[PDB]
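All Cβ positions, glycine included, derive from the backbone under ideal geometry; neighbour counts span all protein chains shown. Just so it is clear, none of the values below were taken in a lab; they were calculated from the coordinates.
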Amino acid sequence: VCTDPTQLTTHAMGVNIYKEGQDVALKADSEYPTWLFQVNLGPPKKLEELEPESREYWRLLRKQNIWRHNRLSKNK
Amino acid sequence: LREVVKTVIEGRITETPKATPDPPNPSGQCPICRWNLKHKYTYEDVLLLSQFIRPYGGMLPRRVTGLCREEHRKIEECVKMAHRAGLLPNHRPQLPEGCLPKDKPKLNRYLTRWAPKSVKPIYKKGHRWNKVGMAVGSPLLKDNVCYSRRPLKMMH
Amino acid sequence: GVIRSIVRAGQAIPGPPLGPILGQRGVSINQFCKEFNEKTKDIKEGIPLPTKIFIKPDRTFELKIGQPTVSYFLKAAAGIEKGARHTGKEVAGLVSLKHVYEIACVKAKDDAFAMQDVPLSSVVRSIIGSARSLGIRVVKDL
Amino acid sequence: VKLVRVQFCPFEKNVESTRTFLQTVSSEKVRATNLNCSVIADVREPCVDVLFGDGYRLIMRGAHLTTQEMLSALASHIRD
Amino acid sequence: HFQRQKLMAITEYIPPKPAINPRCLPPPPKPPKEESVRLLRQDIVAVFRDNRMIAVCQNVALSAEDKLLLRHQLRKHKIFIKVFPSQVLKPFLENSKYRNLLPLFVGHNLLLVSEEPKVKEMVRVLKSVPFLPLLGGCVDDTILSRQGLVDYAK
RNA sequence: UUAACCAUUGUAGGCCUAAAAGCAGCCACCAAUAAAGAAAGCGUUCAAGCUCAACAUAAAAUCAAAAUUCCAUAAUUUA
Ligand code: FES
């Protein structure tokens, strides 16, 4: 497999590795839509980071609510 | 009130008789509150108790009655005492198909807090300082108005 | 009854982990491996694949397979075969952001795993979360 | 129970008892238990008819009947 | 001593009796209602406004992942399964374009939200499973039955 | 708080573990979804699997009065 930093950053080594599919080269950054590289790469959105008017905020809050019960349930 | 008629079976909801108009104390959340009857009913008051009891002596659900929990416990105890005292001849238990009662002499009892079946005899009465006390009445009815000089002797 | 296994296509008869477990419900062990071998030929051998076999009470096989795991690939991409004991804080490899997205695009092709979401935020979080499970730190650029 | 027929009219005044009862009939677990049943949502006052091969037919109207009573009556018929 | 025991009883505090017990009190004022749930209002408001006709079919214990696939399946049909908890569905009419659809939205049932008059696509969804009770689609945000939906889905 | 109902998909996630998949150890601890805890008690050749929390849908609101033979009798309301 590829072991070259230049090839790793200039060719899509991990896109396809099968025998029938050959490693395809990386197109220019402008050749892809902006949203491809603009996705959230940071840490998970915390309750502070999460927008109170976003669905993810309450969805993760419900997960946090489940966590509280689980913590209590574990001790029982 | 829903009744089922009977294979094809059909059920009809029928209108129910309404309470007498102009309750003595409107704005009362519970019917006992509405009628100023909080501390003036006893197990002897079968007429009031019968309204909340099934035809065979079963207790009606509290939600249907609408009365508060405190009265529910009091009314339930009062009804149970009346049944044990044989004050509800028309609300006796239902005979399933053809069963008949014990057909043995029935002892007259009243003011019975608990069922006679589950109360064991007190063989050792005790001495003056060790005398055993026998409960009479119900704690749920402590708040009822008393017309005696001193509170009634619950424990005999 | 849905039974999910991640066994590598290279070996179609591991034995205890697949054979008797499916057999306990009552199935033909040989039939399961043969169909698994059929999947093995299409895919590269020795790479874990998630399967979604459904063992109904009627003693039938409903084998469904999808894209190769991104958890093992991230380990391979990081040059790690056996990870650290904990992996919560231990890190042995770093994955560039560009590499992260390239694999995600191919991931969004199966009818299983919910690989039809238009936004790539869902896809990246799963692999980002998977990387956290592994002894790998996903750096934006290295 | 080979067939169960449940209907009600959402546009007109629709009784919840029959609607909730239909959902229980049209349940994956319930359908498996009475596998012989042929379920049909005749939603379109409410009339419910269940047909048996032996010729026993029970017709239930949910306008004055609660969902539980239909379930108890129909469920008892299943044992036969 | 007997006298000492008398003192202990005397220390007992004498409490006054309230006029009426809290349960038997006259109906008193209660804390004002607060919309906690507020986020979900925007989600339902946007989708209902976007989609004129909302086909309705009581969910037959469907699993969550299937809805994701069904969302994509409807995306093939150019429709979306945008549904949300029904506890906040009832206050939808309280704060939304309409206020009279509460009886229609009785119970928790699948909401199929479509903005385009692609009748064939909508029916095909109905062709997947008819056994679940399908109330009908509120064509142009108007109350319709199952048969009414057919009479007006055209 | 505490009464009814249900439980999808990623990832059997990395760890000496043959294998341990929420649930031997061990990890950090994210996603989609309307709602799913990278798991809370169960089950565990390992898993399948039982439920609790999820979502929907119920309905509530500060402690009391050992060996001879039981041992006054009784008793809840007229100021
Ligand atoms: S007398 Fe008013 S609630 Fe009981």
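Looking only at region B:142-156, count how many residues are more than 7 Å from RNA strand F (Cβ to nearest atom), away from chain E (no Cβ under 14 Å) and not basic (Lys, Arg).
Looking only at that region, the number is 1.
Looking at C:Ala92, C:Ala104, C:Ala108, C:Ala114 in this structure, which one is facing another protein chain (nearest Cβ under 7 Å) and out of contact with any strand residue (DSSP E or B) (no Cβ under 6 Å at 6 or more places or on another chain)?
C:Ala114
Going by the structure shown, is A:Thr10 under 27 Å from C:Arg137 (Cβ atoms) and exposed (fewer than 10 other Cβ atoms within 10 Å of the Cβ)? No. Flag not set for A:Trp67, criterion: of a type outside the set (A, V, I, L, M), facing chain C (nearest Cβ under 9 Å) and part of a helix (DSSP H, G or I).
Filtering region B:52-103 to residues that are within 15 Å of RNA strand F (Cβ to nearest atom) and among the acidic types (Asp, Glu) leaves B:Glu70, B:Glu71, B:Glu77. The residue of region B:32-74 that is nearest to the ligand (Cβ to nearest atom), among those that are among the polar types (S, T, N, Q) and assigned to a loop (DSSP other than H, G, I, E, B), is B:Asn36.
Selection within region C:108-142: residues that are assigned to a helix (DSSP H, G or I) and more than 8 Å from RNA strand F (Cβ to nearest atom). The member of this set that is surrounded by the fewest Cβ atoms within 10 Å (Cβ to Cβ) is C:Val124.
Selection of region A:22-61 for residues being over 30 Å from C:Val106 (Cβ atoms), facing another protein chain (nearest Cβ under 10 Å) and over 18 Å from the mean Cα position of the chain (by Cα) yields A:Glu51, A:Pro52, A:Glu53, A:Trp58.
For region B:14-58, the candidate set comprises residues that are hydrophobic (A, V, I, L, M, F, W, C) and exposed (fewer than 12 other Cβ atoms within 10 Å of the Cβ); within that set, the residue that is farthest from the other protein chains (Cβ to nearest Cβ) is B:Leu47. A count restricted to region B:75-106 and to residues that are part of a helix (DSSP H, G or I) and either surrounded by fewer than 16 Cβ atoms within 10 Å (Cβ to Cβ) or among the β-branched types (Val, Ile, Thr) (or both) stands at 4. Every listed requirement among (1) within 9 Å of another protein chain (Cβ to nearest Cβ); (2) more than 30 Å from E:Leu112 (Cβ to Cβ); (3) among the aliphatic types (A, V, I, L, M); (4) within 11 Å of RNA strand F (Cβ to nearest atom) is met by E:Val60 save one, (2). If you check E:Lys17, E:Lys90 for being basic (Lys, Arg) and either within 13 Å of another protein chain (Cβ to nearest Cβ) or crowded, with 16+ Cβ neighbours inside 10 Å (or both), only one passes: E:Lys17. Answer yes or no as to whether D:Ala75 is away from every other protein chain (no Cβ under 11 Å) and not in a loop (DSSP other than H, G, I, E, B). So D:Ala75 passes the test. Checking each residue in region D:17-63 for being within 11 Å of chain E (Cβ to nearest Cβ) and farther than 22 Å from E:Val150 by Cα picks out D:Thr20, D:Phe21, D:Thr24, D:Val25, D:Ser27, D:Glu28, D:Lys29, D:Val30, D:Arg31, D:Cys37, D:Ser38. With respect to the conditions (1) within 14 Å of another protein chain (Cβ to nearest Cβ); (2) under 30 Å from C:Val95 (Cβ atoms); (3) near RNA strand F (Cβ under 6 Å from one of its atoms), C:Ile6 lacks only one, and its number is (1). Looking across region E:114-154 at every residue that is away from every other protein chain (no Cβ under 12 Å) and surrounded by 20 or more Cβ atoms within 10 Å (Cβ to Cβ), the one that is farthest from D:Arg5 (Cα to Cα) is identified as E:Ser114. Exactly one residue among A:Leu41, A:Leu50 is within 16 Å of RNA strand F (Cβ to nearest atom) and under 22 Å from E:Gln42 (Cβ atoms), and that residue is A:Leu50. Within region C:55-103, the set of residues being outside any loop (DSSP other than H, G, I, E, B), of a type in the set (A, V, I, L, M) and away from RNA strand F (no atom under 11 Å from the Cβ) comprises C:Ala77, C:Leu94, C:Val95, C:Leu97, C:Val100, C:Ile103.
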